[PDB]
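**Student:** just need the structure, nothing else, for what follows:
(one chain, ligands or ions: 8)
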Amino acid sequence: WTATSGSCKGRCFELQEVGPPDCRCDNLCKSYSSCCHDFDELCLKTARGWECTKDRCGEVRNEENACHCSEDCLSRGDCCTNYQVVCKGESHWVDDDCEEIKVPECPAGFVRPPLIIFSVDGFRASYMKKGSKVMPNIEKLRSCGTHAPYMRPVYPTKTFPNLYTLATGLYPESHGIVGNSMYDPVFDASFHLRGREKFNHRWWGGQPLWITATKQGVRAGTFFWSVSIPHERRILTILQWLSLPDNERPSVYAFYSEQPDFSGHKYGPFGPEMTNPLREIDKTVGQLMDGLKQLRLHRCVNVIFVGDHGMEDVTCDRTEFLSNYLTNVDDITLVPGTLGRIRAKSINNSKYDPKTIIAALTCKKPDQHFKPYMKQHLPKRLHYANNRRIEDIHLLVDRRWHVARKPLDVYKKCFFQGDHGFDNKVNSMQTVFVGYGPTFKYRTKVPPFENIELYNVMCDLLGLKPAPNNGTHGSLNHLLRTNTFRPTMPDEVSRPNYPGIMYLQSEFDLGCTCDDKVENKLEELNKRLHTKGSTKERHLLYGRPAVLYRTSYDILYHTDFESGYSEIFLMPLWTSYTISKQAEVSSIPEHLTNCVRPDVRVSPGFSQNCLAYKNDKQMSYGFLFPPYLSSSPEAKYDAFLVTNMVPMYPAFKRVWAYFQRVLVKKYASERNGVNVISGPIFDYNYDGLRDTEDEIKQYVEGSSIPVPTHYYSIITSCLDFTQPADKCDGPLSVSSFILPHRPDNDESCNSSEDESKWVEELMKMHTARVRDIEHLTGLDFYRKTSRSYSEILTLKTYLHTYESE
Ligand SMILES: *[C@@H]1O[C@H](CO)[C@@H](O[C@@H]2O[C@H](CO)[C@@H](O[C@@H]3O[C@H](CO[C@H]4O[C@H](CO)[C@@H](O)[C@H](O[C@H]5O[C@H](CO)[C@@H](O)[C@H](O)[C@@H]5O[C@H]5O[C@H](CO)[C@@H](O)[C@H](O)[C@@H]5O)[C@@H]4O)[C@@H](O)[C@H](O[C@H]4O[C@H](CO)[C@@H](O)[C@H](O)[C@@H]4O[C@H]4O[C@H](CO)[C@@H](O)[C@H](O)[C@@H]4O)[C@@H]3O)[C@H](O)[C@H]2NC(C)=O)[C@H](O)[C@H]1NC(C)=O
Ligand SMILES: CN(Cc1ccc(C#N)c(Cl)c1)C(=O)Cn1cnc2ccc(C3CCN(C(=O)[C@@H]4CCO4)CC3)cc2c1=O
Ligand SMILES: [Ca+2]
Ligand SMILES: [Ca+2]
Ligand SMILES: [Cl-]
Ligand SMILES: [K+]
Ligand code: NA
Ligand SMILES: [Zn+2]
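**Tutor:** Numbers count the residues shown, from 1 in each chain. Ligands and ions are numbered 1, 2, ... in the order given. Now the structure:
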């Protein structure tokens, strides 16, 4: 109930929403059907449109008009945005040259430069180039300010998850807006773009920018907008709020546009009908900038022009149907479209089998345009699992395609030519970022980055302390002239032991054997030097990784590699080695095929054992430093140390052996040497964070050897590849992966073929940021380089995507 018979007189677009059953006059009242009876009349004036004309100049004020051209309009803050242009001989902002804003140039009483966020729905990254001739205001923002070639959205590349990520710095799994629709099994409720359910705060986790601001005494404008408020009225409203008295005026403002997404769905991303919505958004930017310039705020405000996602060509005839795969299609519920999420139709049905649903969807047709996953098996880079609203079964849909349950779902609602939602690596889903203002740099291009990073920057722009989030604060300092943020390296929590030779061979009863007894003081002092760290500056190029949690571990030096060996998990946490461009690949000699050697630096009680592997019929083992890349037949024995061994399913060993035998050397040839850090990851509760020992769900049978859920590698080289990895004077170049440690290769449909046809494709799919590995391991990398820490933070957030140009 609303008693809608109150009034908006003097309250139009008020900033504090009032409580029921009193009626509302704020920019959301339309969405709630709760506006006062006279909201349209008072607050949504339209008379005479949105522009001053020569004959309105100096007119007598008429309060019915949408905006004003009377002499008093500037002091009242309600001129049409082109008033000064028409009536005072001023130039449009877009026609002025650009001039560096070295300091904020703000009116008296401004405590800080306001931040205006201009969000554009469906604004694909390549519109910046392709629509450039029709977007002069946007092009000026872009060339004069700071811009990236593109900005990476979060998965799914849908509207609500991305806008709320922009606002919180959090992955959708953490903020809870995990799709444009979602069902919460605990609420027994569905959230949709349509309806009132989305109004309940219980869906919305984290701490969005407006709350962060309010909590810290910085006033915020409303970020949501009712769809029926036209764009021109949104701009005028922001400009009027900017003319409020100092004590009442917000410091942060948000404009949102439904375009070009709305037309993109109907016409496809580059339909000839798309030129107009781009012109219209540009005109709106032009209104805002002219309005700012009128208010002498155009060299005071920081403006962020940002999109939520791109748009891909998608049509009804490219729909895969689940009824084509399953027999039991009526026992499931599917969230359809550019992703699939599958759950049972009924909790009461105990004969619903996720396992058999997956198997019936796996590699079933040779052209198949989607791939089923248990959510914990999805690439870790998507961070799309740790929420009860994300269904156990997920379908990753090929770009340009849809999935639907049954044909009747498509024809009983061709409508659309565009859609989005696909994997956030997909070129068509990339979106835009421009920052313009005194705090941003002048005429600067920055590399692409992820939208999860922006919250920290917007907090910096506003002098706020960010709430805990998924950005890496400092990784975007290079966007800013001032207000940076001074990041510092986390303190190491556990210092390593450096064990010497402490155990005799016969103390070990590991059930291991090696053919290693073949009998010199030239090469005996030499071997000793290597065990004490003589070659360590060759194989550990960026310092040892810091351990950021409490644990017991040892540093182990070898001729060819260094490792940090965990006495708790009985295997290395990291193993580091450098492979020059000139290095040779050799085989594992026949006599050494099953060789595992006790490590006389590490106690029997802190070692793995061969017997456990013998008895575990599912589980085999591999090595972290690859024997194939030994520097000499003699150094090769070090690779068979029990301290270099890790548990591996035979199916996974096919992947790992190809990476180690073929791909490392390829990368070293292509990149002029690489440094490799490899290790296990344990994430049994799929939260993206390192497991404690008591979270491990699987061990090598009858042992305390825990089984990794994943294996990582971080592969670093010189960005200037004319310099070798091991003697690089400048910036670095990195690629990394987090491969799932699976007992089958069901994920790869061509796995029956030679490794050269599928392994590298798998690794590419599981590309990762260094930062993702850091969360999953509690390690901190690149502790000792000659680069600035801000630069290292940018390097740790880099993702190598393997998309074409
Ligand atoms: C990305 O960034 C984010 C933000 O930094 C990282 O997320 C944080 O991770 C922390 C560790 O997992 C986590 O801290 C825990 O919080 C518990 C308190 O939780 C509430 O309070 C906060 C603060 O205001 C709030 O933000 C939380 O919000 C969640 O829940 C509501 C729903 O109720 C949602 O609206 C919201 O979207 C959010 O959901 C997400 O998080 C939860 C987990 O909290 C997931 O389950 C969801 O799926 C979703 O992702 C909460 O409202 C606190 O209780 C925890 O403490 C336990 O653990 C410690 C170990 O140190 C121990 O000392 C304690 O004893 C305690 O154990 C007891 O509870 C156990 C669990 O019930 C029980 O089994 C035991 O036996 C004990 O009794 C813990 O400190 C933090 O909440 C989230 N924050 C957010 C916003 O998600 C995220 O990790 C980053 N991602 C990556 C990849 O880096
Ligand atoms: C497309 N769109 C642009 C946009 C702009 C910014 C973001 C973002 N972020 C999003 Cl997702 C979207 C819209 O505004 C559409 N739209 C229209 N009317 C609404 C009315 C009420 C609400 C509620 C949601 C919960 N509320 C919070 O305070 C959460 C509880 C904590 O915050 C109160 C307001 C939401 C909407 C809404 O989403
Ligand atoms: Ca959108
Ligand atoms: Ca975990
Ligand atoms: Cl969705
Ligand atoms: K075995
Ligand atoms: Na397969
Ligand atoms: Zn859309």
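
**Student:** which residue ranges form the strands in the stretch 201-350 of the chain?
**Tutor:** 252-260, 302-307, 312-313, 319-321, 332-335, 339-344 (DSSP state E, counting those that start in this stretch).

**Student:** which one of those lies closest to ligand 4?
**Tutor:** Each of the strands of the stretch 201-350 of the chain has some distance to ligand 4 by CB to the ion; the shortest is strand 339-344, at 22.0 Å. Quick note: C-beta positions are derived from backbone N, CA and C, even for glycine.

**Student:** can I get the next helix or strand after the closest one in CSV? Just the C-alpha atoms.
**Tutor:** Moving toward the C-terminus from strand 339-344, the next helix or strand (DSSP states H and E) is helix 354-361. The C-alpha coordinates for helix 354-361 follow below in CSV (Å, rounded to 0.1, in the frame of the first residue of the first chain):
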residue,chain,number,x,y,z
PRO,A,354,23.9,-35.2,-12.3
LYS,A,355,26.4,-37.8,-13.4
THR,A,356,24.2,-39.4,-16.1
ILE,A,357,23.0,-35.9,-17.2
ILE,A,358,26.6,-34.9,-17.8
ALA,A,359,27.6,-38.1,-19.6
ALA,A,360,24.6,-37.8,-21.9
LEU,A,361,25.8,-34.2,-22.8
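
**Student:** around ligand 4, which positions in the protein sit nearby?
**Tutor:** Contact residues, the chain versus ligand 4 (CB under 5 Å from the ion): 683, 685, 687, 689, 691.

**Student:** okay but the fourth one is in contact with residue 775, surely?
**Tutor:** Meaning residue 689. Yes: counting by CB atoms under 8 Å, residue 775 is a contact partner of residue 689 at 5.5 Å.

**Student:** between those two, which has more neighbouring residues?
**Tutor:** Comparing residue 689 with residue 775 by other CB atoms under 10 Å, the one with more neighbours is residue 775, at 18 against 14.

**Student:** got the contact list for the more buried one?
**Tutor:** 688, 689, 690 (CB atoms under 8 Å, 6 or more residues apart in numbering).

**Student:** just give me the neighbour total for residue 238.
**Tutor:** With other CB under 10 Å as criterion, residue 238 counts 23.

**Student:** and if you look at residue 482?
**Tutor:** Applying other CB under 10 Å, we find 13 residues neighbouring residue 482.

**Student:** which non-adjacent residue is nearest it?
**Tutor:** Excluding its sequence neighbours, the residue lying closest to residue 482 (CB to CB, 6 or more residues apart in numbering) is residue 439, at 5.8 Å.

**Student:** about what we covered before: just name the most buried of the strands of the stretch 201-350 of the chain.
**Tutor:** strand 302-307 (a mean of 25; mean count of other CB atoms under 10 Å).

**Student:** that one and ligand 3 in contact?
**Tutor:** No: legend: contact between strand 302-307 and ligand 3 by CB under 5 Å from the ion is lacking; minimum distance shown is 8.1 Å.

**Student:** that strand pairs with which strands?
**Tutor:** According to DSSP bridges, strand 302-307 forms sheet pairs with strand 115-121 (parallel), strand 433-436 (antiparallel).

**Student:** what's the next secondary structure element after the longest one?
**Tutor:** Beyond strand 115-121 in the direction of the C-terminus, DSSP H and E gives the next helix or strand as helix 127-130.

**Student:** tell me which other helices or strands that next one touches.
**Tutor:** helix 136-144 (3 or more CB pairs under 8 Å, 6 or more residues apart in numbering; DSSP states H and E).

**Student:** buried residues in the helix it packs on?
**Tutor:** 136, 137, 138, 139, 140, 141, 142, 144 (16 or more other CB atoms under 10 Å).

**Student:** okay, those residues in CSV with distance to residue 245 next?
**Tutor:** Formatted as CSV, the buried residues of helix 136-144 follow (distance: CB to CB, whole Å):
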residue, distance to residue 245
136, 35
137, 30
138, 32
139, 35
140, 31
141, 29
142, 34
144, 31
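
**Student:** farthest-apart pair in those, please.
**Tutor:** Spanning the widest gap among the buried residues of helix 136-144 are 136 and 144, at 11.9 Å by CB to CB.

**Student:** next, the distance between the ends of stretch 22-38.
**Tutor:** 13 Å (CA to CA, to the nearest Å).

**Student:** what's it in contact with?
**Tutor:** Applying CB under 8 Å, 6+ apart, the set of residues contacting stretch 22-38 is 2-9, 11-18, 20, 39, 42-43, 196, 199, 222, 224-229, 234, 237.

**Student:** that older thread, out of the residues of the chain next to ligand 4, which touch ligand 1?
**Tutor:** Contacts with ligand 1 within the residues of the chain next to ligand 4, as defined by CB under 6 Å from any ligand atom: 687, 689.

**Student:** let's see if you can find the most crowded of the residues of the chain next to ligand 4.
**Tutor:** Busiest of the residues of the chain next to ligand 4 [other CB under 10 Å] is residue 683, holding 23 neighbours.

**Student:** quick one: the top helix by length along the chain to strand 115-121, angle?
**Tutor:** Counting residues, the longest helix in the chain under DSSP state H turns out to be helix 275-294. Angle of helix 275-294 versus strand 115-121, following axes from the mean of the first three to the mean of the last three CA atoms, to 10 degrees, is 170 degrees.

**Student:** gap between helix 275-294 and the chain center?
**Tutor:** 30 Å (CA atoms, centre = their mean, to the nearest Å).

**Student:** equivalent analysis for stretch 317-325, please.
**Tutor:** 30 Å.

**Student:** now the end-to-end length of that stretch.
**Tutor:** End-to-end distance for stretch 317-325, by CA to CA: 17 Å.

**Student:** which residues are contacting it?
**Tutor:** 329, 332, 334, 340, 342, 360-361, 364-365, 368-370, 397, 400-407, 410, 414.

**Student:** same check on stretch 73-88?
**Tutor:** 50-54, 56-58, 61, 66-69, 90-92, 235-236, 239-240, 242-243, 287-288, 290-291, 293-295.
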